[PDB]
Each structure stands twice: as C-alpha cells, then as structure tokens.
C-alpha cells in the first residue's frame, strides 16, 4: 500500500513537482521504486509517446497513479506466494528471485520489438505489457521491494543488468535476457562470465546498486526522444534536474555513466552555477578509477565524444587511447559485440572523418594542428596497441583486413617528419611503449615517408602470405 505521507504532494502539476516527489522519496528510509517508476513512465508517455492535448505538463493525479500502483502490487502479491520461500536471516533465496523473474517475464506480450523506446518503466509494463531487457531487471527489483525483500538489488555492467541478493548481498542471479539470439541464463550466477574476463561482466567490477542508485538508474533511463529529429525539452529538463538532485545527495558518486549523462545534458543546456561538462566527464572517470578498478570503458567514450563534437582532435585521440588502455586487459568474448562495434566505429569512421577535416585545415594553414603534433600520433598508435592487446588471448579475434585500409590511411595523415619524432621504447621527446606484439612488429613501418600498405596489412591481420600469381 502507498502510505499517507507518499500521497501529500499529488497532484504533480510540473517538472518541479516531480522533483519534489523524488526529493521526498530520497529522504525516506527506502525510496519507493514502484511509485517513482510509474510516475516517470506516466510523464514520459504523455511528453514523448503521445503529446495530443498537451498544454504544459501532464498532470499526474493521485487516483491515476495509485490505480497503476495497485495493478502492479496486486499482480506481484497474487503471483508470488512468499510462504513457499521462507527467508532465513532477512535474506532471499535463489528460488524466490527466480520466481519473481518468471512472474515478470510471463506477463510480457508474446511478440514485440524489444529495442523500442519508452518500454523501460513500470508504466510500460502495466499499460503495454512490454519491457526492454534492463527494464525487466529493474521490474524484478521493484517487485522484490514491494514484497519486503530488502536484500535484492540491481547489478549493472555497461551492457547488461541482473540482481544481487542473499547473505551479505554476495549472490548473483540472471533475471533478464542479453542481446538478441544469445542463450538465456536466467537463474544462474554471473561467475562464468566474470571468470572469462569478458567486457560484459567487467571482470567483476560491475555496479552493485543500493536503493538510491536504483533511483539514479531509472532517472538515467528516462528517454526524451519523441522521434529521430526531436527530443522533449520537458523530459530533458526533468532528467537534468533529477540528476542534479541525486548528485547533490551523493548518489552518483559510484555511478560513472550517470555523471556522463549529466555532462551531456549540461553541454546541451548549461545550468548556471554548475560544473562544466568537462569537469563532469572527469568526475565520471574518477568514479570508475576509485570504485571500479578503472575497468569501465564508457567514462572515456563519453569524454571522447565531447571532444569529437568540439572537433578537438588532440583531446579526442587522447581519450580514445585511454579507452583502448582499459580494453587491453579484457578477453573479447561472444556477447561483447556492442563494444566491438564502438571500437570499430571509432577506428573506421570517426577518426578518419576527424583526420580528413584536420588535413584540409592544415592545407589552409592551421597552427597547432593535431597532425603536426607527435603526441597525437602517439595517441593514435596507443589506441591501436590497446585493441591489438585486447585481441591477445581472446577466444574470438578482433582485427581483420577491413580495419587495415583505415589504419594505413590514418597513419598517412601524419607526415613522416612528425611520425619520426615518436620514440617507441621497449620494456625493458615523445615516447611510447607498446603492450601488443602486433604493434611491436609494426614499429619499423611507422616512420617511412611513404607507409608500406601491404606490410602493414600483413602485420595487423597476421595474414601470412601474399597473392600467388
């Protein structure tokens, strides 16, 4: 049941009234995830999905929100009989967590597009019987909270979600699917994935949320997109304000991606008196270094994207080199395709486009150009080195000849006299050490006035032979 004190701010008539509700809930012992997600989903539906009749803000009446809450609590209480699953010691059992996951899963529409916008919240679950993959995990945690299961909490990697629970919160369970066409592991631990050093499970350096971080998750999960060309200004403002509320209370400290989201929002529309986007991206990286062993990729990707948008080639290259320095200590495994796609895009599309423009501007007489800076050439080489090291020891390869044409083109954007300045030093001006055997063998080829394209291709793909005839 909603408690009397949870109801006093209704009706919610504005963005600021929604912020007041979040502030009130975050001031409580246990913020009510079900209430909060139903409110966000309600307001997102009427600001992004269907804006017919909108004049300012979709007023959220208690009668409407309370009826949605009742549908959820009735579905969960009726379908999960806690007496079947006695709790030793204030903690939940694997079978109980599996039962709640089954209840959510079985409620979903038989057939729908899982990749759509606006199917993340409990409002989508109730009104449309549709959830995306992490939406199911969040719904399991919200259902568990509604049931009194204080130990069940959301776990997050950079591309997946599951739950932690049990004695000392040390158990893991899969509760949702990952990707498309992968085999389901619902009910199992994540230990095989941690042990194989995949990106998907972050070598165990994943987020273990408390209830406040679960609030931050649902706020990050707001989707302002109305269509491909249009965002809801109202939802952008709501998300931004809610993220600052969380930040001020300390609840983004251990949430690198939320800090990057907040930085991106500040870049779009700065809040007076607040830290610059750059400061916020760096806070996100600092969060990953402090709490997650610097084993997260996306803090650096957020930073590089900012530099790329501002056509700051030097700083973008630096940030992508730093991204690669993280990935080098992973094994590239079968469900890590999203981060492969990110690195492929950066190497084979984004960097080429940046350097093409830089080349034209150099022709027109630019000073201080990245293309005349040997430290920038070094960043490019460190980016490729990290990708090559990533591949070493991995069950599936990364590089192939499709990468080679772009490597040769990108190297060629720097004149030989610039390339010559980098000193490649072994273990045991600009200096660089390579970690990968591929780049060590390429060293020779990196300072010739005209790059030997064929030799580069052979070294990058460890294709051994050239054409017979």
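Positions refer to the first chain, counted from 1.
According to the record, the deposited sequence contains 4 to 9 residues between residue 428 and residue 429 that were left without coordinates. When the two stretches 412 to 420 and 440 to 448 are set side by side, the higher mean Cα temperature factor goes to 440 to 448.
Mean CA temperature factor is higher for 367 to 375 when stretches 335 to 343 and 367 to 375 are set side by side in the entry. Per the PDB record, 167 has a higher Cα B-factor than any other of 135, 299, 167, 386. Sorting 262, 149, 139, 351 by the CA temperature factor given in the entry leaves 149 at the top. Residue-level temperature factors show residue 458 in the middle third of its chain, judged at the C-alpha atom. Residue 248 sits in the middle third of its chain by CA B factor, as recorded in the PDB entry.
Remark: residue 256 belongs to the lowest third of its chain, ranked by C-alpha B-factor as recorded.
When the modelled residues of the chain are ordered by C-alpha B-factor, residue 196 sits in the middle third. Annotation for residue 47: C-alpha temperature factor in the middle third relative to the rest of the modelled chain, per the entry.
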